[PDB]
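Structure data follow from run-v5.pdb (PDB, C-alpha atoms (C1' of nucleotides)):
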```pdb
ATOM      1  CA  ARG Z   1      31.040 -19.943 -12.241
ATOM      2  CA  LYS Z   2      30.849 -16.807 -14.344
ATOM      3  CA  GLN Z   3      33.126 -14.320 -12.581
ATOM      4  CA  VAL Z   4      31.283 -11.041 -11.912
ATOM      5  CA  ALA Z   5      32.708  -7.928 -10.194
ATOM      6  CA  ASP Z   6      29.688  -5.583 -10.027
ATOM      7  CA  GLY Z   7      26.642  -7.029  -8.201
ATOM      8  CA  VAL Z   8      23.643  -6.277  -5.937
ATOM      9  CA  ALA Z   9      23.070  -7.243  -2.286
ATOM     10  CA  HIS Z  10      19.357  -7.531  -1.452
ATOM     11  CA  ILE Z  11      18.862  -7.424   2.346
ATOM     12  CA  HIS Z  12      15.369  -8.648   3.309
ATOM     13  CA  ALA Z  13      14.991  -7.674   6.968
ATOM     14  CA  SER Z  14      11.687  -9.068   8.257
ATOM     15  CA  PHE Z  15      10.910  -8.654  11.936
ATOM     16  CA  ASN Z  16      11.487 -12.407  12.298
ATOM     17  CA  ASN Z  17      14.351 -13.467   9.991
ATOM     18  CA  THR Z  18      16.837 -11.607   7.741
ATOM     19  CA  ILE Z  19      17.755 -12.883   4.265
ATOM     20  CA  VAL Z  20      20.724 -11.715   2.188
ATOM     21  CA  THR Z  21      20.702 -12.567  -1.526
ATOM     22  CA  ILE Z  22      23.752 -11.313  -3.407
ATOM     23  CA  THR Z  23      22.942 -11.179  -7.133
ATOM     24  CA  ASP Z  24      24.342  -9.914 -10.404
ATOM     25  CA  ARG Z  25      22.978  -6.540 -11.566
ATOM     26  CA  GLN Z  26      20.437  -8.429 -13.717
ATOM     27  CA  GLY Z  27      18.997  -9.911 -10.481
ATOM     28  CA  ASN Z  28      20.065 -13.520 -11.045
ATOM     29  CA  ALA Z  29      20.937 -15.041  -7.663
ATOM     30  CA  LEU Z  30      24.541 -16.020  -6.896
ATOM     31  CA  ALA Z  31      24.511 -16.567  -3.129
ATOM     32  CA  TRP Z  32      22.054 -16.351  -0.235
ATOM     33  CA  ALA Z  33      22.268 -16.568   3.554
ATOM     34  CA  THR Z  34      19.686 -16.179   6.290
ATOM     35  CA  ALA Z  35      19.871 -15.377   9.982
ATOM     36  CA  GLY Z  36      17.838 -18.539  10.649
ATOM     37  CA  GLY Z  37      20.091 -20.772   8.545
ATOM     38  CA  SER Z  38      23.337 -19.237   9.830
ATOM     39  CA  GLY Z  39      22.941 -20.819  13.282
ATOM     40  CA  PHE Z  40      20.467 -18.595  15.128
ATOM     41  CA  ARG Z  41      16.881 -19.745  15.800
ATOM     42  CA  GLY Z  42      13.730 -18.396  17.439
ATOM     43  CA  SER Z  43      14.583 -15.249  19.393
ATOM     44  CA  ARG Z  44      18.153 -14.756  18.214
ATOM     45  CA  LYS Z  45      17.302 -14.806  14.478
ATOM     46  CA  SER Z  46      15.544 -11.497  15.084
ATOM     47  CA  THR Z  47      18.748  -9.764  16.190
ATOM     48  CA  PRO Z  48      21.177  -7.534  14.258
ATOM     49  CA  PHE Z  49      24.018  -9.946  14.912
ATOM     50  CA  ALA Z  50      22.334 -13.009  13.378
ATOM     51  CA  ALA Z  51      21.796 -10.975  10.202
ATOM     52  CA  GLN Z  52      25.427  -9.819  10.284
ATOM     53  CA  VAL Z  53      26.462 -13.486  10.165
ATOM     54  CA  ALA Z  54      24.040 -14.109   7.281
ATOM     55  CA  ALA Z  55      25.736 -11.248   5.421
ATOM     56  CA  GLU Z  56      29.202 -12.594   6.308
ATOM     57  CA  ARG Z  57      28.290 -16.136   5.253
ATOM     58  CA  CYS Z  58      26.846 -14.762   1.991
ATOM     59  CA  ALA Z  59      29.817 -12.435   1.420
ATOM     60  CA  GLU Z  60      32.417 -15.196   1.764
ATOM     61  CA  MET Z  61      30.277 -17.257  -0.656
ATOM     62  CA  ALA Z  62      30.013 -14.322  -3.119
ATOM     63  CA  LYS Z  63      33.799 -14.209  -3.551
ATOM     64  CA  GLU Z  64      33.573 -17.505  -5.468
ATOM     65  CA  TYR Z  65      31.967 -15.378  -8.235
ATOM     66  CA  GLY Z  66      34.761 -12.882  -7.503
ATOM     67  CA  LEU Z  67      32.406  -9.983  -6.738
ATOM     68  CA  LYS Z  68      33.974  -6.671  -5.739
ATOM     69  CA  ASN Z  69      31.341  -3.909  -5.956
ATOM     70  CA  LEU Z  70      27.757  -4.275  -4.663
ATOM     71  CA  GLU Z  71      24.736  -1.997  -4.385
ATOM     72  CA  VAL Z  72      22.786  -2.721  -1.186
ATOM     73  CA  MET Z  73      18.960  -2.818  -1.496
ATOM     74  CA  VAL Z  74      17.593  -2.835   2.073
ATOM     75  CA  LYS Z  75      13.950  -3.971   2.083
ATOM     76  CA  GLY Z  76      11.931  -4.036   5.315
ATOM     77  CA  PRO Z  77      11.705  -2.980   9.011
ATOM     78  CA  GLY Z  78      13.780  -5.702  10.626
ATOM     79  CA  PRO Z  79      16.814  -5.514  12.980
ATOM     80  CA  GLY Z  80      19.131  -6.777  10.216
ATOM     81  CA  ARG Z  81      19.048  -3.565   8.131
ATOM     82  CA  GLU Z  82      22.171  -1.712   9.275
ATOM     83  CA  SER Z  83      24.207  -4.676  10.514
ATOM     84  CA  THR Z  84      24.172  -6.568   7.206
ATOM     85  CA  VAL Z  85      25.400  -3.470   5.374
ATOM     86  CA  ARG Z  86      28.327  -3.079   7.818
ATOM     87  CA  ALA Z  87      29.126  -6.775   7.326
ATOM     88  CA  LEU Z  88      29.485  -6.155   3.575
ATOM     89  CA  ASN Z  89      31.827  -3.172   3.993
ATOM     90  CA  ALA Z  90      33.833  -5.015   6.657
ATOM     91  CA  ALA Z  91      34.083  -7.977   4.262
ATOM     92  CA  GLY Z  92      35.984  -6.083   1.542
ATOM     93  CA  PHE Z  93      33.045  -5.388  -0.788
ATOM     94  CA  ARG Z  94      32.945  -1.794  -2.041
ATOM     95  CA  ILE Z  95      29.417  -0.479  -1.553
ATOM     96  CA  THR Z  96      28.425   1.804  -4.434
ATOM     97  CA  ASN Z  97      24.797   2.650  -3.582
ATOM     98  CA  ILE Z  98      22.568   1.883  -0.568
ATOM     99  CA  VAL Z  99      18.962   1.890  -1.835
ATOM    100  CA  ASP Z 100      15.905   1.257   0.327
ATOM    101  CA  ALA Z 101      13.545  -1.092  -1.510
ATOM    102  CA  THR Z 102      10.779  -1.452   1.095
ATOM    103  CA  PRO Z 103       7.397  -2.051  -0.641
ATOM    104  CA  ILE Z 104       5.004   0.757   0.332
ATOM    105  CA  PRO Z 105       1.389   0.378  -0.943
ATOM    106  CA  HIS Z 106      -0.239   3.637  -2.056
ATOM    107  CA  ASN Z 107      -3.280   2.475  -0.073
ATOM    108  CA  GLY Z 108      -3.791  -1.041  -1.469
ATOM    109  CA  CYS Z 109      -4.757  -4.159   0.516
ATOM    110  CA  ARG Z 110      -6.303  -4.304   3.955
ATOM    111  CA  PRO Z 111      -3.566  -5.453   6.342
ATOM    112  CA  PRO Z 112      -4.224  -8.376   8.719
ATOM    113  CA  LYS Z 113      -6.221  -7.697  11.865
ATOM    114  CA  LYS Z 114      -4.607  -6.121  14.902
ATOM    115  CA  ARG Z 115      -3.265  -8.574  17.495
ATOM    116  CA  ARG Z 116      -5.424  -8.406  20.636
ATOM    117  CA  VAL Z 117      -2.586 -10.066  22.526
TER     118      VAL Z 117
ATOM    119  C1'   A D   1     -55.136  49.484  23.492
ATOM    120  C1'   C D   2     -54.045  44.361  22.410
ATOM    121  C1'   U D   3     -55.369  39.519  19.361
ATOM    122  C1'   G D   4     -58.546  38.204  15.230
ATOM    123  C1'   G D   5     -61.451  39.478  10.594
ATOM    124  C1'   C D   6     -61.969  42.652   6.196
ATOM    125  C1'   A D   7     -59.857  46.366   2.747
ATOM    126  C1'   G D   8     -55.395  48.694   1.623
ATOM    127  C1'   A D   9     -50.109  50.315   2.458
ATOM    128  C1'   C D  10     -44.584  49.064   3.750
ATOM    129  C1'   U D  11     -39.635  46.613   3.344
ATOM    130  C1'   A D  12     -36.329  45.166   7.969
ATOM    131  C1'   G D  13     -38.226  38.728   7.578
ATOM    132  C1'   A D  14     -38.429  35.275   3.449
ATOM    133  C1'   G D  15     -37.514  34.780  -1.555
ATOM    134  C1'   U D  16     -35.985  36.173  -7.065
ATOM    135  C1'   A D  17     -32.523  38.052 -10.983
ATOM    136  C1'   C D  18     -26.825  39.186 -12.077
ATOM    137  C1'   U D  19     -21.565  38.159 -11.468
ATOM    138  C1'   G D  20     -18.016  35.681  -9.007
ATOM    139  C1'   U D  21     -15.637  32.186  -5.213
ATOM    140  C1'   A D  22     -14.086  27.715  -2.402
ATOM    141  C1'   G D  23     -15.235  22.727  -1.650
ATOM    142  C1'   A D  24     -13.400  14.307  -0.353
ATOM    143  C1'   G D  25     -21.485  17.517  -1.850
ATOM    144  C1'   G D  26     -24.090  13.794  -5.156
ATOM    145  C1'   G D  27     -24.661  10.583  -9.785
ATOM    146  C1'   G D  28     -22.320   8.444 -14.240
ATOM    147  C1'   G D  29     -18.024   6.985 -17.123
ATOM    148  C1'   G D  30     -12.845   6.538 -17.957
ATOM    149  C1'   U D  31      -7.967   6.167 -16.377
ATOM    150  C1'   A D  32      -3.014   6.133 -13.408
ATOM    151  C1'   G D  33       0.582   4.545 -10.058
ATOM    152  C1'   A D  34       2.217   1.721  -5.622
ATOM    153  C1'   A D  35       1.337  -2.737  -3.318
ATOM    154  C1'   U D  36      -0.741  -7.777  -2.259
ATOM    155  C1'   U D  37      -2.082 -12.639  -4.423
ATOM    156  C1'   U D  38      -1.868 -16.125  -8.233
ATOM    157  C1'   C D  39       0.542 -17.701 -12.417
ATOM    158  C1'   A D  40       4.780 -18.382 -16.239
ATOM    159  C1'   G D  41       9.820 -18.286 -17.128
ATOM    160  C1'   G D  42      15.177 -17.078 -15.431
ATOM    161  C1'   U D  43      18.823 -17.265 -11.428
ATOM    162  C1'   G D  44      19.555 -19.913  -7.118
ATOM    163  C1'   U D  45      19.703 -23.776  -2.761
ATOM    164  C1'   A D  46      18.150 -25.080   1.981
ATOM    165  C1'   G D  47      15.333 -23.480   4.376
ATOM    166  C1'   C D  48      11.007 -20.419   4.807
ATOM    167  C1'   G D  49       7.077 -18.925   7.795
ATOM    168  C1'   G D  50       5.439 -18.024  12.556
ATOM    169  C1'   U D  51       5.988 -16.992  18.170
ATOM    170  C1'   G D  52       6.921 -15.396  24.491
ATOM    171  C1'   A D  53       8.809 -20.039  22.878
ATOM    172  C1'   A D  54       6.764 -23.292  19.586
ATOM    173  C1'   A D  55       3.835 -26.111  16.528
ATOM    174  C1'   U D  56       0.440 -26.581  12.618
ATOM    175  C1'   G D  57       1.832 -24.897   7.444
ATOM    176  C1'   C D  58       5.174 -24.344   3.264
ATOM    177  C1'   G D  59      10.020 -26.360   0.854
ATOM    178  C1'   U D  60      14.454 -30.774  -2.359
ATOM    179  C1'   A D  61       8.438 -32.483  -6.989
ATOM    180  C1'   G D  62      13.306 -26.642  -5.873
ATOM    181  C1'   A D  63      10.486 -23.206  -1.336
ATOM    182  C1'   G D  64      11.694 -18.557   0.672
ATOM    183  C1'   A D  65      14.903 -14.826  -1.794
ATOM    184  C1'   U D  66      15.792 -12.308  -6.552
ATOM    185  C1'   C D  67      14.677 -10.817 -11.825
ATOM    186  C1'   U D  68      11.163 -10.384 -15.696
ATOM    187  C1'   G D  69       6.352 -10.797 -17.437
ATOM    188  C1'   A D  70       1.145 -11.805 -17.134
ATOM    189  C1'   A D  71      -3.688 -11.788 -15.041
ATOM    190  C1'   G D  72      -7.033 -10.173 -11.585
ATOM    191  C1'   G D  73      -9.492  -7.645  -7.644
ATOM    192  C1'   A D  74      -9.681  -3.984  -4.039
ATOM    193  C1'   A D  75      -7.988   0.561  -2.040
ATOM    194  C1'   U D  76      -6.113   5.256  -3.367
ATOM    195  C1'   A D  77       0.808   6.600   0.293
ATOM    196  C1'   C D  78       2.558  11.590   0.149
ATOM    197  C1'   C D  79      -0.744  16.073  -0.064
ATOM    198  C1'   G D  80      -3.791  15.604   4.733
ATOM    199  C1'   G D  81      -4.967  19.592   8.369
TER     200        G D  81
END
```
Final C-alpha coordinates representation of the file:
Amino acid sequence: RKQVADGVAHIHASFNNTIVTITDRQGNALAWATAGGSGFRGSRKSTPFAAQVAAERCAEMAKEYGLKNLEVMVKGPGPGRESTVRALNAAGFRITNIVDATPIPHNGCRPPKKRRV
RNA sequence: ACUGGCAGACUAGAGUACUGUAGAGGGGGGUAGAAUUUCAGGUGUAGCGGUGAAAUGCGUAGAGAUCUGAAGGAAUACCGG
(Lines of atoms letter the chains of each structure in order from A and count residues from 1; the text may use other names and numbers.)
(Lines give C-alpha, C1' and ligand atoms only; values in the text may rest on other atoms or scores of the structure.)
Protein backbone atom coordinates (compact mmCIF):
# COMPACT_ATOMS: atom_id res chain seq x y z
CA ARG A 1 0.00 0.00 0.00
CA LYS A 2 1.01 3.55 -0.83
CA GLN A 3 -0.74 5.69 1.78
CA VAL A 4 -2.75 8.47 0.11
CA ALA A 5 -4.86 11.14 1.87
CA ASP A 6 -6.45 13.05 -1.04
CA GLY A 7 -8.50 10.88 -3.44
CA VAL A 8 -11.57 10.70 -5.73
CA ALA A 9 -14.82 8.75 -5.26
CA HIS A 10 -16.46 7.88 -8.60
CA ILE A 11 -20.13 6.93 -8.05
CA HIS A 12 -21.56 5.15 -11.12
CA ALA A 13 -25.32 5.08 -10.51
CA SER A 14 -26.96 3.07 -13.30
CA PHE A 15 -30.67 2.41 -13.06
CA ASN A 16 -29.80 -1.22 -12.31
CA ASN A 17 -26.64 -1.34 -10.16
CA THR A 18 -24.45 1.28 -8.43
CA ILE A 19 -20.64 1.07 -8.46
CA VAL A 20 -18.29 3.04 -6.20
CA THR A 21 -14.62 3.21 -7.21
CA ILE A 22 -12.46 5.21 -4.82
CA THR A 23 -9.26 6.25 -6.61
CA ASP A 24 -6.23 8.47 -6.18
CA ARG A 25 -6.46 11.88 -7.90
CA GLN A 26 -4.58 10.38 -10.88
CA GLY A 27 -7.53 7.96 -11.35
CA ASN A 28 -5.71 4.75 -10.39
CA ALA A 29 -8.19 2.49 -8.59
CA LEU A 30 -7.70 1.70 -4.89
CA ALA A 31 -11.04 0.17 -3.88
CA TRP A 32 -14.41 -0.63 -5.46
CA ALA A 33 -17.79 -1.82 -4.22
CA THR A 34 -21.09 -2.43 -5.97
CA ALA A 35 -24.69 -2.63 -4.81
CA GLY A 36 -24.93 -6.04 -6.51
CA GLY A 37 -21.78 -7.40 -4.86
CA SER A 38 -22.57 -5.94 -1.42
CA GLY A 39 -25.42 -8.42 -0.83
CA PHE A 40 -28.39 -7.02 -2.76
CA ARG A 41 -29.60 -8.66 -6.00
CA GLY A 42 -32.29 -8.11 -8.61
CA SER A 43 -34.77 -5.53 -7.34
CA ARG A 44 -32.91 -4.39 -4.24
CA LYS A 45 -29.66 -3.53 -6.07
CA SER A 46 -31.60 -0.69 -7.68
CA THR A 47 -32.30 1.00 -4.33
CA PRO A 48 -30.52 3.89 -2.58
CA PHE A 49 -29.72 1.68 0.39
CA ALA A 50 -27.87 -1.01 -1.57
CA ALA A 51 -25.64 1.73 -3.00
CA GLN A 52 -25.12 3.17 0.49
CA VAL A 53 -23.71 -0.21 1.54
CA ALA A 54 -21.49 -0.28 -1.56
CA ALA A 55 -20.14 3.12 -0.51
CA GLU A 56 -19.70 1.94 3.10
CA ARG A 57 -17.96 -1.26 2.02
CA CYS A 58 -15.69 0.78 -0.29
CA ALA A 59 -15.07 3.45 2.36
CA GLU A 60 -13.94 0.97 5.02
CA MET A 61 -11.67 -0.57 2.35
CA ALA A 62 -10.29 2.87 1.36
CA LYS A 63 -8.95 3.47 4.88
CA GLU A 64 -6.31 0.79 4.22
CA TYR A 65 -4.76 3.41 1.87
CA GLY A 66 -5.43 5.88 4.70
CA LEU A 67 -7.55 8.23 2.57
CA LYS A 68 -9.01 11.29 4.27
CA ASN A 69 -10.26 13.74 1.61
CA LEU A 70 -12.27 12.69 -1.47
CA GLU A 71 -13.94 14.50 -4.36
CA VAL A 72 -17.19 12.76 -5.35
CA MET A 73 -17.85 12.37 -9.11
CA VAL A 74 -21.49 11.28 -9.45
CA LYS A 75 -22.11 9.82 -12.93
CA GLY A 76 -25.59 8.70 -13.99
CA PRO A 77 -29.37 8.71 -13.23
CA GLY A 78 -29.56 5.88 -10.73
CA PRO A 79 -31.02 5.73 -7.17
CA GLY A 80 -27.52 5.49 -5.66
CA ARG A 81 -26.52 9.11 -6.39
CA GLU A 82 -27.30 10.89 -3.12
CA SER A 83 -27.10 7.92 -0.75
CA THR A 84 -23.51 6.98 -1.64
CA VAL A 85 -22.38 10.56 -1.03
CA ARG A 86 -24.00 10.58 2.44
CA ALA A 87 -22.30 7.24 3.17
CA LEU A 88 -18.92 8.87 2.48
CA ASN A 89 -19.55 11.85 4.77
CA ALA A 90 -20.98 9.58 7.47
CA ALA A 91 -17.87 7.40 7.13
CA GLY A 92 -15.40 10.12 8.17
CA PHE A 93 -14.19 11.12 4.69
CA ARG A 94 -14.07 14.89 4.17
CA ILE A 95 -15.79 15.67 0.88
CA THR A 96 -14.03 18.52 -0.92
CA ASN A 97 -15.98 18.75 -4.19
CA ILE A 98 -19.11 16.99 -5.50
CA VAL A 99 -18.86 16.98 -9.31
CA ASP A 100 -21.46 15.50 -11.65
CA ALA A 101 -19.70 13.50 -14.36
CA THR A 102 -22.71 12.19 -16.31
CA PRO A 103 -21.80 11.74 -20.02
CA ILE A 104 -24.10 13.93 -22.12
CA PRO A 105 -23.73 13.55 -25.94
CA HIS A 106 -24.04 16.81 -27.89
CA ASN A 107 -26.32 14.87 -30.24
CA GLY A 108 -24.17 11.82 -31.03
CA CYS A 109 -25.37 8.20 -31.34
CA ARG A 110 -28.90 7.00 -31.89
CA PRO A 111 -30.09 5.53 -28.58
CA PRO A 112 -31.63 2.03 -28.50
CA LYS A 113 -35.24 1.65 -29.58
CA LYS A 114 -38.08 2.52 -27.24
CA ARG A 115 -39.45 -0.39 -25.18
CA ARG A 116 -42.95 -1.28 -26.41
CA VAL A 117 -43.50 -3.09 -23.13
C1' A B 1 -74.59 48.56 -74.85
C1' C B 2 -71.86 44.04 -73.97
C1' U B 3 -68.01 40.08 -75.96
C1' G B 4 -64.63 39.60 -80.11
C1' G B 5 -61.44 41.76 -84.19
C1' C B 6 -58.40 45.92 -85.96
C1' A B 7 -55.72 50.61 -84.96
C1' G B 8 -54.20 53.58 -81.03
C1' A B 9 -54.08 55.44 -75.76
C1' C B 10 -53.52 54.44 -70.06
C1' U B 11 -51.19 52.69 -65.35
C1' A B 12 -54.22 50.40 -60.88
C1' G B 13 -52.53 44.14 -62.65
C1' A B 14 -47.78 41.91 -63.89
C1' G B 15 -42.78 42.85 -64.36
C1' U B 16 -37.69 45.80 -64.42
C1' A B 17 -33.72 48.99 -62.20
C1' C B 18 -31.57 50.93 -57.04
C1' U B 19 -30.51 50.30 -51.79
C1' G B 20 -31.18 47.63 -47.65
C1' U B 21 -33.10 43.50 -44.25
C1' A B 22 -34.04 38.62 -41.88
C1' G B 23 -33.62 33.53 -42.66
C1' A B 24 -31.98 25.29 -40.34
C1' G B 25 -33.56 27.96 -48.60
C1' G B 26 -30.11 25.01 -51.92
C1' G B 27 -25.07 23.10 -53.65
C1' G B 28 -19.75 22.47 -52.56
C1' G B 29 -15.58 22.26 -49.18
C1' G B 30 -13.36 22.56 -44.41
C1' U B 31 -13.47 22.27 -39.28
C1' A B 32 -14.95 21.94 -33.70
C1' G B 33 -16.68 19.89 -29.30
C1' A B 34 -19.57 16.16 -26.45
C1' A B 35 -20.67 11.19 -26.56
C1' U B 36 -20.76 5.87 -28.15
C1' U B 37 -17.72 1.65 -29.91
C1' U B 38 -13.16 -0.66 -30.66
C1' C B 39 -8.23 -0.82 -29.44
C1' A B 40 -3.43 -0.04 -26.39
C1' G B 41 -1.35 0.78 -21.78
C1' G B 42 -1.90 2.02 -16.20
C1' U B 43 -4.62 1.14 -11.60
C1' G B 44 -7.67 -2.47 -9.66
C1' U B 45 -10.57 -7.32 -8.23
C1' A B 46 -14.98 -9.98 -8.41
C1' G B 47 -18.37 -9.36 -10.50
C1' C B 48 -20.73 -6.97 -14.62
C1' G B 49 -24.92 -6.72 -17.62
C1' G B 50 -29.99 -7.28 -17.93
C1' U B 51 -35.34 -7.72 -15.90
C1' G B 52 -41.40 -7.78 -13.32
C1' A B 53 -38.11 -11.62 -11.83
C1' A B 54 -34.67 -14.07 -14.61
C1' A B 55 -31.79 -16.25 -18.19
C1' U B 56 -28.91 -16.00 -22.51
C1' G B 57 -24.24 -12.87 -22.62
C1' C B 58 -19.68 -10.90 -20.56
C1' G B 59 -15.65 -11.71 -16.50
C1' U B 60 -10.30 -14.65 -13.01
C1' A B 61 -7.07 -15.66 -20.01
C1' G B 62 -8.51 -9.87 -15.17
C1' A B 63 -14.40 -8.06 -16.73
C1' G B 64 -17.26 -4.02 -15.13
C1' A B 65 -15.21 0.54 -12.80
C1' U B 66 -11.30 4.30 -13.30
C1' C B 67 -7.13 7.02 -15.85
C1' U B 68 -4.56 8.11 -20.29
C1' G B 69 -4.06 7.70 -25.38
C1' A B 70 -5.38 6.14 -30.29
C1' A B 71 -8.55 5.12 -34.37
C1' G B 72 -13.06 5.42 -36.68
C1' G B 73 -18.04 6.56 -38.04
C1' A B 74 -22.46 9.09 -37.33
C1' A B 75 -25.16 13.09 -35.26
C1' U B 76 -24.78 18.13 -33.93
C1' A B 77 -26.78 19.13 -26.31
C1' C B 78 -27.61 24.13 -24.79
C1' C B 79 -29.52 28.16 -28.13
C1' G B 80 -34.60 26.13 -29.74
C1' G B 81 -39.39 28.88 -29.98
Query raised in the report: For the file shown, what are the residues hit by the PyMOL selection byres ((chain Z and resi 77) around 12), laid out as an MDAnalysis selection string?
Result: chainID Z and resid 11:18 46 48 74:76 78:82 100:104
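Residues captured in this structure file are residues 34, 35, 36, 42, 43, 44, 47, 51, 53, 65, 66, 67, 74, 75, 76 and 77 of chain D, according to the PyMOL selection byres ((chain D) within 8 of (chain Z)).
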Requested in this report: List the residues selected by the PyMOL selection byres ((chain Z and resi 56-64) around 10) in the file shown, writing them as a ChimeraX atom specification.
Outcome: /Z:1-5,7,9,19-23,30-35,37-38,50-55,65-68,84-93
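Between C1' of residue 58 in chain D and CA of residue 113 in chain Z the interatomic distance comes to 21.9 Å.
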Query raised in the report: So what do you get for CA of residue 112 in chain Z versus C1' of residue 38 in chain D, distance-wise?
Result: 18.8 Å
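Pairwise distance (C1' of residue 68 in chain D, CA of residue 95 in chain Z) equals 25.1 Å.
Distances from Z:49, Z:41, Z:6, Z:69 to residue 83 in chain Z were compared using only C-alpha atoms, and the smallest one belongs to Z:49.
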